[PDB]
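Contents: one structure, followed by commentary.
The figures here come from the full heavy-atom set of this structure, side chains too, leaving out hydrogens, waters and symmetry mates. For ligands, and for the atoms within them, numbers begin at 1 and follow the listed sequence. Per chain, numbering begins at 1; letters A, B, ... match sequence-line order.
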Amino acid sequence: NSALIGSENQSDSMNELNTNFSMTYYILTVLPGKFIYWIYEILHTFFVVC
Amino acid sequence: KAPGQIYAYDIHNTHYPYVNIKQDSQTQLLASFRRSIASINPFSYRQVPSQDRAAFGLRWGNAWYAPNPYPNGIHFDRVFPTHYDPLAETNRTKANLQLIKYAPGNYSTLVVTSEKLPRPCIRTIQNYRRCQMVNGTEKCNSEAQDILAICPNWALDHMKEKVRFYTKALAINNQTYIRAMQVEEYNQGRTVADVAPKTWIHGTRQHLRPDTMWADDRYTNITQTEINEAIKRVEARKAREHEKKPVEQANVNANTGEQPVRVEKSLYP
Amino acid sequence: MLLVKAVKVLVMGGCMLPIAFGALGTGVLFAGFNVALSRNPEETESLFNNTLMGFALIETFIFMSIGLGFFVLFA
Amino acid sequence: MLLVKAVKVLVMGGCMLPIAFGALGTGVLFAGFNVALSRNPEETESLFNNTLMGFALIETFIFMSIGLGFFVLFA
Amino acid sequence: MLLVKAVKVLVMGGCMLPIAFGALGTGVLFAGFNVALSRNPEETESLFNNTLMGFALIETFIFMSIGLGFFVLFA
Amino acid sequence: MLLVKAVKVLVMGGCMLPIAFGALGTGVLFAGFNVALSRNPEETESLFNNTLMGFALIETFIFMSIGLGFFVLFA
Amino acid sequence: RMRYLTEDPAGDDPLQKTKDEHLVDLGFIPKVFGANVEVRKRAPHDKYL
Amino acid sequence: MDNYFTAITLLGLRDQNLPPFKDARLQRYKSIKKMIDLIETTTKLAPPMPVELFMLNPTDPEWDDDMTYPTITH
Amino acid sequence: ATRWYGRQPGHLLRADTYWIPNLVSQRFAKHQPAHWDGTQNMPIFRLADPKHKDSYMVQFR
Amino acid sequence: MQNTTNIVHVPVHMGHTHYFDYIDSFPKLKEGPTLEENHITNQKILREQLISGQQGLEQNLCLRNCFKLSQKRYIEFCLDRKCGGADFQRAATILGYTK
Amino acid sequence: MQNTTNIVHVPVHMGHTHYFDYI
Amino acid sequence: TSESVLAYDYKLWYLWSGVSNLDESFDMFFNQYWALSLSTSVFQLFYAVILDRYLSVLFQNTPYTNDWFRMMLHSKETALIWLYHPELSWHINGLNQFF
Amino acid sequence: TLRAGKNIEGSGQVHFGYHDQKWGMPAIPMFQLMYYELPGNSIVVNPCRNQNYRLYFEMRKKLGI
Amino acid sequence: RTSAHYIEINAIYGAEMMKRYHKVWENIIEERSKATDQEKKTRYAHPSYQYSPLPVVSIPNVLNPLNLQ
Amino acid sequence: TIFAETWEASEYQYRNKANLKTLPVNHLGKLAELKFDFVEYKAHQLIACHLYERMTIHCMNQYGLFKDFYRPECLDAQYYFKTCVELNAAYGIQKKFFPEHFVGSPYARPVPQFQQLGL
Amino acid sequence: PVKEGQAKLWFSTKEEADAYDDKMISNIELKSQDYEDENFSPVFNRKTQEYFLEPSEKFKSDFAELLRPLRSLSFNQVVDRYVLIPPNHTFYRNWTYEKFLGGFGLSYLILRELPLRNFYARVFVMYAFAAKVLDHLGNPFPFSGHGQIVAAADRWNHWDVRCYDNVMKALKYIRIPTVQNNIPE
Ligand SMILES: CCCCCCCCCCCCCCCCCC(=O)OC[C@H](COP(=O)([O-])OCC(O)COP(=O)([O-])OC[C@@H](COC(=O)CCCCCCCCCCCCCCCCC)OC(=O)CCCCCCCCCCCCCCCCC)OC(=O)CCCCCCCCCCCCCCCCC
Ligand SMILES: CCCCCCCCCCCCCCCCCC(=O)OC[C@H](COP(=O)([O-])OCC(O)COP(=O)([O-])OC[C@@H](COC(=O)CCCCCCCCCCCCCCCCC)OC(=O)CCCCCCCCCCCCCCCCC)OC(=O)CCCCCCCCCCCCCCCCC
Ligand SMILES: CCCCCCCCCCCCCCCCCC(=O)OC[C@H](COP(=O)([O-])OCC(O)COP(=O)([O-])OC[C@@H](COC(=O)CCCCCCCCCCCCCCCCC)OC(=O)CCCCCCCCCCCCCCCCC)OC(=O)CCCCCCCCCCCCCCCCC
Ligand SMILES: CCCCCCCCCCCCCCCCCC(=O)OC[C@H](COP(=O)([O-])OCC(O)COP(=O)([O-])OC[C@@H](COC(=O)CCCCCCCCCCCCCCCCC)OC(=O)CCCCCCCCCCCCCCCCC)OC(=O)CCCCCCCCCCCCCCCCC
Ligand SMILES: CCCCCCCC/C=C/CCCCCCCC(=O)OC[C@H](COP(=O)(O)OCCN)OC(=O)CCCCCCC/C=C/CCCCCCCC
């Protein structure tokens with residue numbers, strides 16, 4: 001819901017305390033790393049299938 | 001007329017203990033440096049509350065800290081059965097919309113609460129009890145009818161169920177009383193006079209040896225020869241105890257199309 | 001159980017053998033690219049392309065083992 | 001029983017040995033191609049086809065090994 | 001139980017095999033780079049760059065192994 | 001407990017494997033430097049520099065292995 | 001057999017059943033029984049599944 | 001699992017360790033069954049004390065004012 | 001009662017070309033005679049229940 | 001069952017108007033005296049109570065505060081300790097709790 | 001109350017397979 | 001209802017973690033009397049019963065036993081009084097049952 | 001409503017079953033003159049609360065303030 | 001809503017009365033220490049109880065287990 | 001009170017109420033998060049809420065209560081222990097006075113006597 | 001031979017005890033570390049002393065340090081010190097958060113003037129600064145959600161709304177729905 005505009009899914013973790021034990025500056029450290037692995041999975045897939 | 005301080009302030013003696021739970025060198029070094037300049041640092045935030053100023057909680061790096069919620073297997077699936085096991089991972093991963101929704105109350109406990117009856121209904125009860133201890137029960141009909149008329153019906157249903165619960169809890173506490181005051185075969189004819197002058201400490205490890213071989217130095221001077229001799233003596237006693245053995249009982253859960261009994265499970269598979 | 005797992009993880013360690021040979025073959029690959037470049041530098045870009053192309057076929061074997069490794073470790 | 005299964009999985013790890021020699025044989029193959037190419041680039045096409053062709057036969061044995069690997073592990 | 005931990009810490013040692021092969025591959029690469037340089041020193045800067053580039057690929061396997069190592073050592 | 005300790009020291013011994021590979025890679029690198037120098041001795045200073053640099057990269061693996069070795073032996 | 005022995009909780013709505021307070025006012029005082037804790041549910045012969 | 005600390009104390013986990021075998025370990029759990037019923041009963045014999053001692057009666061008409069908390073909107 | 005009757009599983013054919021494992025496996029399967037035992041509920045096929053071991057791939061929505 | 005279902009025990013009359021649904025009147029509703037009339041009526045009670053109902057008041061308040069206790073044994077203790085040895089039934093008649 | 005809730009009186013064993021839930 | 005809404009807002013969470021000595025959520029009684037029961041003493045079993053009765057009080061979050069209405073021995077202000085008078089657990093359990 | 005103890009199947013207020021629906025106010029002047037949305041800021045505390053301050057004025061005079 | 005007066009007045013009342021209970025609690029413990037085992041088991045006891053002495057054991061009389069006042 | 005190391009998960013689930021919580025076994029994975037060395041016997045890890053208690057003691061011995069105990073591995077053990085004994089005390093009381101609430105109890109859905117059927 | 005100590009057995013007769021010793025002694029498996037021994041175990045050598053978890057001195061000292069400011073006081077002083085704090089509801093307690101969260105705006109006023117020449121370099125700086133904010137704000141879109149701030153728990157939390165009962169039920173209680181799925185009557 002943190003990525004949704006005007007979310008109505010209130011029971012989906014919207015009204016709860018959601019902390020984590022990952023690296024802070026999430027969109028600068030963690031989320032980019034998730035896209036780095038995404039780019040690897042698709043580049044490795046293209047090389048293998050092609 | 002100074003502001004009031006809580007007991008925690010006298011433990012740390014400061015409002016600015018930079019407590020960060022993230023155990024990385026970058027974080028703790030900055031905290032130690034920030035903990036020293038907190039008196040002349042404009043970018044200082046309190047973590048110890050007071051009467052005049054609120055405070056923040058524990059910090060996790062740049063974010064905030066909260067313990068991992070107590071493991072809870074209740075979850076709700078979205079796309080496919082995830083088979084969530086709260087004991088399979090240390091930290092609980094974030095809930096994705098298309099994967100899982102966790103149970104409510106990340107930080108919650110189980111308690112018992114009670115609805116508060118309406119004020120006018122309470123006043124009718126106070127008048128009945130008061131008129132009861134003064135004039136007796138036989139002269140409180142009008143006050144009793146005022147309860148049945150003014151108290152809403154849901155309140156009367158609560159009052160009705162309370163008496164049925166405490167009647168249940170009364171019998172449960174008295175059944176426990178019976179099992180507790182039951183005299184076992186090993187205490188027949190024994191009274192407080194047969195009790196030994198011992199206290200709780202006399203049954204601890206220092207006075208009463210546990211049922212383990214290495215609780216103390218009792219068997220530390222035992223040689224292999226003494227062991228082989230003991231194996232011969234215990235086998236001699238088994239020539240008198242092995243003579244009897246319980247007979248095999250019939251299996252109550254033989255039929256698989258029948259609701260089986262929850263019999264005590266075997267110690268080993 | 002754990003013992004069978006112990007030899008599975010043991011096998012998983014064996015996957016580092018191609019990772020080792022892949023390094024030597026890599027050093028050999030770039031070694032030839034260097035000497036070959038000196039004899040005919042007019043076609044540098046051509047040699048350079050085939051150089052990295054070979055290093056890919058190396059990792060083809062490498063990733064394959066890692067796949068086989070994680071698979072048998074859990075299958 | 002438990003011993004044989006532990007050996008079956010063990011042999012499955014041995015299949016990763018050719019995967020290692022295939023990497024070295026690959027780097028060596030393209031190492032030579034660069035040299036052979038710099039020697040006579042006019043005939044690149046012929047060298048190139050023979051280059052990749054040999055590589056095919058190389059990983060062919062590698063794939064063949066994995067077959068025997070899973071065979072004993074399941075047969 | 002304890003035995004799986006033992007084979008794990010041992011596999012972690014196996015990662016030193018690529019570390020060994022990477023050394024020999026490095027010696028070979030720079031060996032050819034020297035001979036390749038003497039053949040045509042006019043392009044020393046080109047060879048020098050490609051030389052280090054190959055070494056960078058050697059450490060890739062090194063990082064791949066140690067990475068896989070600590071993982072299997074803790075996973 | 002005592003078993004893993006025996007496995008720790010064992011891995012610590014395997015650290016001498018790159019040490020062996022570094023010896024061969026060293027002789028190889030200087031072997032090319034001697035030959036490469038005879039081909040074009042006018043630029044001995046250049047080859048000599050590139051030679052020592054390679055050796056530095058060889059001992060890099062050495063320090064890494066010994067580094068990892070003591071780690072698992074104490075961590 | 002498992003689905004024959006697969007029931008749902010809470011049964012049916014009690015408020016749609018005959019009340020005890022109403023029978024008393026009708027002339028029949030109901031008797032209170034205890035739960036039968038000794039019976040075990042079992043599936044019938046296969047022909048009835 | 002109520003009366004946790006009481007049960008853990010009767011088993012001796014504060015001063016010793018349980019036997020490493022299930023047979024004797026499970027018998028020791030069932031051994032405190034009588035004592036828990038006793039200690040539970042002892043705790044239900046406390047005599048009463050005036051409720052108007054550390055707590056004002058909320059049903060007193062004095063508190064029918066339903067007064068709010070005055071605040072400053074800083 | 002309506003919920004209970006609804007759980008008595010219905011009969012679902014084994015023949016399935018939509019799941020590729022069965023598209024291959026059922027080509028080597030041997031159709032053996034199912035001798036009537038005197039009932040009307042012989043489960044000679046799979047059952048239309050999401051939790052059946054031969055129907056878990058089927059989506060019940 | 002309908003979510004907007006309510007059971008009312010007193011009569012109500014609904015308005016038969018378009019686009020609106022509400023209770024327009026209550027059958028047999030009598031309008032009592034105005035706020036200004038009840039005010040004057042109460043001022044007369046508070047005035048006499050201010051002039052003629054303040055002597056001997058401290059004693060009655062102690063009796064009233066004693067009778068607000070939970071148990072009778074505490075009421076008796078409150079009267080004997082705070083009200084100068086008053087009787088239970090004798091005080092209940094003063095307060096008007098006796099029949 | 002969960003809609004897909006069932007009370008079973010005989011033991012069942014559920015498979016712990018990814019993407020599937022069944023007996 | 002329809003009221004004024006803000007584009008961006010912050011929601012505070014006064015978490016009762018029970019593991020932070022910086023705030024008033026730290027249960028000093030539980031940790032002190034628990035650590036006290038760990039050491040060998042003649043009252044080692046008595047302290048265990050006191051703790052089990054303290055947990056039965058937290059279990060009763062009624063209008064007469066809760067921190068919200070600032071009831072004695074239930075709110076954050078009165079957490080230190082448990083260290084001096086842990087005997088009052090029975091007085092409360094009866095009080096909550098009376099009301 | 002969920003926190004209050006009522007589980008919710010489905011979502012929204014377009015009740016499929018036997019319930020009254022309340023569609024949004026038609027955005028046309030006819031309905032905009034007859035209806036208007038409930039302003040929460042108009043729900044207030046009864047001013048009778050301010051009559052409790054009478055106790056404060058009396059206690060101050062009793063204490064000689 | 002519950003009266004804000006009650007919440008704040010009762011919070012003070014309860015604490016002010018605990019200070020007076022602490023003093024009474026001390027005099028009771030003191031007076032009970034000088035009491036015989038016979039008295040502390042028969043006084044406030046049920047009428048149907050027949051007293052039977054227990055073996056004398058050493059049990060300290062500690063007011064506050066924690067070293068508090 | 002539970003007089004064993006194991007309990008049937010269904011016996012602590014509600015039959016006529018939504019199940020929003022379980023009473024899980026001790027999380028043994030949290031024991032491997034302690035970086036320091038400690039001695040723990042397997043004969044103490046299954047009993048309810050005790051493993052979290054021993055871990056808290058180990059963490060309060062290695063570290064203290066100030067600026068060193070405030071690390072995630074040690075605070076979660078203290079929170080799990082404080083939370084485990086609170087839930088188990090509530091479930092235990094609910095098991096004592098409200099046994100009809102749980103699955104497996106014959107009073108959750110009483111089976112009638114044969115005299116109530118009219119046959 | 002059997003060694004005696006302060007910890008004694010629980011048997012009245014000496015035969016039952018001797019039977020217990022022979023019973024335990026018959027189960028001993030000696031594991032020696034010296035070669036040429038009939039019971040020799042290089043690995044899997046069992047210890048002969050049992051470990052017992054006990055609260056150390058560092059454990060008992062820190063717990064006693066939490067009570068240091070109380071040992072110097074009497075119960076009456078403790079209550080008047082930490083319990084009966086004179087009521088004063090005139091403070092702007094929430095200034096602590098206004099200063100903290102208001103700093104993002106003040107910091108932005110300073111950071112938006114960075115002399116970094118390249119525009120796309122300042123894009124990285126603001127992206128980094130936004131990552132610092134979104135750790136608290138959470139959702140970057142407007143009218144979508146609320147930020148998340150963990151605050152300290154004190155006696156003054158919700159002090160001006162303690163009188164309202166529905167606010168307590170909404171914050172504290174998560175009621176369990178029943179088969180008769182309705183809000184409590
Ligand atoms: C007479 C003199 C009088 C004046 C004297 C003045 C003296 C001033 C003294 C100042 C004292 C210290 C100041 C303290 C206040 C800090 C305030 C602050 O915002 O910091 C927050 C920041 C984040 O920490 P936090 O928010 O408190 O959270 C706690 C943990 O981080 C939480 O743990 P976590 O794991 O969850 O966090 C994740 C972690 C993630 O891990 C990281 O830390 C990320 C960093 C990884 C990269 C590291 C390499 C960086 C080096 C690159 C340049 C190298 C050049 C040379 C290389 C040669 C190689 C041989 O941290 C982050 O997320 C960092 C994100 C924010 C930083 C990234 C964006 C940086 C912008 C860069 C733009 C540069 C353009 C030029 C602008 C310069 C001026 C504005 O803390 C710091 O980073 C402290 C900085 C310490 C300084 C380090 C020195 C850097 C050297 C730079 C070299 C180039 C310049 C050399 C100039 C030489 C001059 C002689
Ligand atoms: C061609 C494209 C076509 C496609 C179009 C898109 C179609 C798809 C739509 C998709 C919808 C997405 C759904 C979003 C979910 C969230 C919705 C939500 O929750 O809203 C709740 C919120 C609830 O408010 P409400 O129910 O409408 O009204 C009752 C509230 O209680 C009232 O709130 P209050 O109590 O706080 O304040 C009451 C009032 C009290 O104040 C007053 O009455 C005094 C009025 C004075 C106004 C002066 C403003 C300040 C100016 C200062 C400068 C000096 C002024 C000098 C003159 C003053 C003289 C006194 O103050 C105001 O509300 C001021 C309103 C400002 C109006 C100014 C604009 C005039 C109309 C513009 C029309 C053109 C744009 C629409 C698109 C057109 C497309 C063809 O409604 C809003 O959406 C608020 C506006 C936010 C709209 C944005 C929605 C999307 C979110 C992302 C956009 C980010 C904005 C920046 C974008 C980039 C712009 C360049
Ligand atoms: C590209 C390269 C990639 C890298 C590849 C890396 C591959 C790594 C392979 C590693 C995996 C295989 C290793 C398995 C180890 C298991 C044996 C073991 O460690 O000794 C435990 C074993 C048991 O401890 P214990 O002291 O007898 O316990 C006494 C208690 O009273 C006992 O009573 P308790 O009541 O305390 O019960 C304890 C319980 C505890 O149980 C457990 O916790 C785990 C038990 C797992 C047992 C699984 C049994 C499966 C059934 C297998 C049936 C066939 C076994 C014999 C055939 C093996 C060959 C296929 O039961 C046991 O202890 C069962 C153990 C029974 C003995 C097993 C047979 C020993 C292995 C035979 C070969 C040993 C020498 C080979 C020569 C090597 C020279 C290079 O130790 C011995 O029995 C004495 C011999 C110790 C070894 C010789 C030490 C001298 C130095 C040798 C130098 C080489 C060291 C190793 C490095 C090799 C590198 C060259
Ligand atoms: C005579 C010439 C001068 C000679 C003297 C030379 C020596 C100069 C330095 C010494 C004098 C400094 C004066 C102030 C005393 C500060 C002492 C101190 O210990 O501060 C450490 C202070 C606090 O350390 P901290 O605990 O880590 O807090 C920062 C955390 O980020 C906080 O993170 P958080 O999450 O924990 O909290 C969020 C935070 C908000 O935090 C943030 O969001 C900022 C995050 C940074 C951006 C994110 C990217 C960070 C990337 C990481 C790497 C950054 C490296 C930066 C290194 C910079 C080195 C200084 O919000 C708040 O907590 C409260 C903020 C509200 C405070 C309102 C402002 C009060 C200050 C006084 C105002 C009047 C001063 C003049 C006005 C300014 C000039 C027009 O460190 C910093 O200052 C951080 C840099 C902030 C920029 C300040 C630049 C001001 C420079 C002014 C120079 C003087 C005027 C120049 C005039 C030129 C003509 C002469
Ligand atoms: C921001 C507006 C400034 C100009 C406005 C001009 C118009 C003035 C009209 C004012 C009318 C008066 C209305 C009443 C104002 C009420 C203010 C208020 O509520 O907050 C007061 C309250 C007092 O604190 P307490 O002790 O808790 O309260 C005791 C109450 N007796 O003040 C505060 O909250 C403290 C913060 C005040 C604002 C701070 C300004 C922030 C700017 C910071 C930059 C200044 C430089 C900093 C340098 C740091 C060097 C170390």
Among non-hydrogen protein atoms, atom 42 (C) of ligand 3 lies closest to P:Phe44 CZ, 3.7 Å
Enter the distance from F:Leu10:CG to F:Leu73:CG here, rounded to the nearest 0.5 Å.
11.0 Å
Does the protein put a heavy atom under 4.0 Å from atom 95 (C) of ligand 4?
no
Can you confirm whether something in the protein, heavy atoms only, sits under 4.0 Å from atom 6 (C) of ligand 4?
no
Considering heavy atoms of the protein only, find what lies nearest to atom 17 (C) of ligand 4 and give residue, atom and distance to 0.1 Å.
B:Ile40 O, 4.1 Å
How does F:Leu10 reach ligand 3, by side chain, by backbone, by both or by neither, if only non-hydrogen atoms under 4.0 Å count?
side chain
Answer with yes or no whether the side chains of P:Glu98 and H:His74 bring together a donor and an acceptor at under 3.5 Å.
no
Considering only protein heavy atoms, which is closest to atom 34 (P) of ligand 3, and at what distance to one decimal place?
P:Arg46 NH2, 3.7 Å
Among B:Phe43, B:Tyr16, B:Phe33, which residue places a heavy atom closest to atom 39 (C) of ligand 4?
B:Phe43
Could you check atom 80 (C) of ligand 4 against the protein and tell me its nearest heavy-atom contact, residue, atom and distance included?
P:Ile110 CD1, 4.2 Å
Identify, for atom 11 (C) of ligand 3, the protein heavy atom at the shortest distance, and state residue, atom and that distance.
E:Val7 CG1, 4.1 Å
Is there a polar contact between ligand 4 and B:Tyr45, counting only N or O atoms under 3.5 Å apart?
no
Output for pair (E:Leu17 CG, C:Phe21 CZ), nearest 0.5 Å, gives 7.5 Å
Under a 3.5 Å distance rule, please check whether B:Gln51 uses its side chain to pair with a backbone N or O of B:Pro3 as donor and acceptor.
no
In this structure, atom 84 (C) of ligand 3 is nearest to the protein heavy atom P:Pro42 CG, 4.5 Å
P:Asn45, portion touching ligand 3 at heavy-atom distance under 4.0 Å
neither
Within the distance-only criterion (no hydrogens, no angle test), does the side chain of P:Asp37 pair as donor or acceptor with the backbone N or O of P:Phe40 below 3.5 angstrom?
no
Identify the closest protein heavy atom to atom 33 (O) of ligand 3: which residue and atom is it, and at what distance?
P:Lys31 NZ, 3.4 Å
Heavy-atom nearest neighbour in the protein, as seen from atom 64 (C) of ligand 4, with distance rounded to 0.1 Å:
P:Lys99 O, 3.3 Å
Answer with side chain, backbone, both or neither: which part of B:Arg59 has a heavy atom less than 4.0 angstrom from an atom of ligand 4?
side chain
For a quick check under 3.5 Å, do P:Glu50 and B:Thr212 share a side-chain donor-acceptor pair by atom type?
yes
Provide, to 0.1 Å, the distance between atom 28 (O) of ligand 3 and the closest protein heavy atom, together with that atom's residue and name.
P:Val43 O, 3.3 Å
Exercise check, heavy-atom protein proximity under 4.0 Å to atom 34 (O) of ligand 5:
yes
So, is P:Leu106 polar-close to ligand 4, with some N/O to N/O distance under 3.5 Å?
no
For atom 40 (C) of ligand 4, the protein heavy atom that lies nearest, with its residue and separation:
P:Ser107 OG, 3.7 Å
Could you find the nearest protein heavy atom to atom 22 (C) of ligand 4 and give me its residue, atom name and distance?
B:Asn41 OD1, 3.9 Å
Give the residue, atom name and distance (to 0.1 Å) of the protein heavy atom nearest atom 30 (C) of ligand 4.
B:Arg34 NH2, 4.0 Å
Report, in ascending order of atom number, the atoms of ligand 3 lying under 4.0 Å from any heavy atom of P:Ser41.
26 (O), 29 (C), 30 (C), 31 (O)
What protein heavy atom is closest to atom 19 (O) of ligand 4, reported as residue, atom name and distance in Å?
B:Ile37 CD1, 3.2 Å
Please confirm whether B:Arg59 makes a cation-pi placement over B:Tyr45, using NZ or CZ under 6.0 Å from the six-membered ring centre and within 45° of the ring normal.
yes
Under a 4.0 Å heavy-atom limit, does P:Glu29 contact ligand 3 with its side chain, its backbone, both, or neither?
side chain
Checking heavy atoms under 4.0 Å, the part of B:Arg53 that sits near ligand 5 is side chain
Can you check whether a protein heavy atom sits less than 4.0 angstrom from atom 29 (C) of ligand 5?
yes
Between L:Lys11 (side chain only) and P:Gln148 (backbone N and O only), is there a donor and an acceptor less than 3.5 Å apart?
no
Heavy atoms of other groups near E:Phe74 CZ, more than 12 under 6.0 Å
yes
Tell me which protein heavy atom sits closest to atom 70 (C) of ligand 4, plus the residue, atom name and distance to 0.1 Å.
B:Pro42 CB, 3.5 Å
Please determine if B:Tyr18 has a nitrogen or oxygen closer than 3.5 Å to a nitrogen or oxygen of ligand 4.
no
Whether P:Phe100 and P:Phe104 hold their rings parallel, tilted or perpendicular, with breakpoints at 30° and 60°
perpendicular
Under 3.5 Å: donor-acceptor pair, side chain of H:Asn17, backbone of P:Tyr51
yes
Any P:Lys99 heavy atom less than 4.0 Å to ligand 5
no
Do you know which two heavy atoms are closest between E:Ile66 and E:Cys15, and how far apart they sit?
N-SG, 3.1 Å
P:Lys99 NZ: over 12 foreign heavy atoms closer than 6.0 Å
yes
Which of the listed options, P:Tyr108, P:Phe100, P:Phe104, P:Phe129, holds the heavy atom that is closest to atom 37 (O) of ligand 4?
P:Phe100
May I ask you to decide if the ring planes of B:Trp64 and P:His136 are parallel, tilted or perpendicular, using 30° and 60° as cut-offs?
tilted
Do P:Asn45 and P:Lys31 pair up side chain to side chain, a donor and an acceptor below 3.5 Å, judged on atom types alone?
no
Identify the protein heavy atom lying closest to atom 50 (C) of ligand 3, giving its residue, its atom name and the separation to 0.1 Å.
C:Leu3 CD2, 3.8 Å
State whether the side chain of C:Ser65 and the backbone N or O of D:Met16 hold a donor-acceptor pair below 3.5 Å, judged by distance alone.
no
Between P:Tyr92 and P:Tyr97, does the ring centre distance come in under 6.0 Å?
no
Are any of the N/O atoms on P:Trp95, whether in the backbone or the side chain, positioned under 3.5 angstrom from an N/O atom of ligand 5?
no
Say whether, by atom type as modelled, one donor and one acceptor occur between the side chain of B:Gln28 and the main chain of B:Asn20 under 3.5 angstrom.
yes
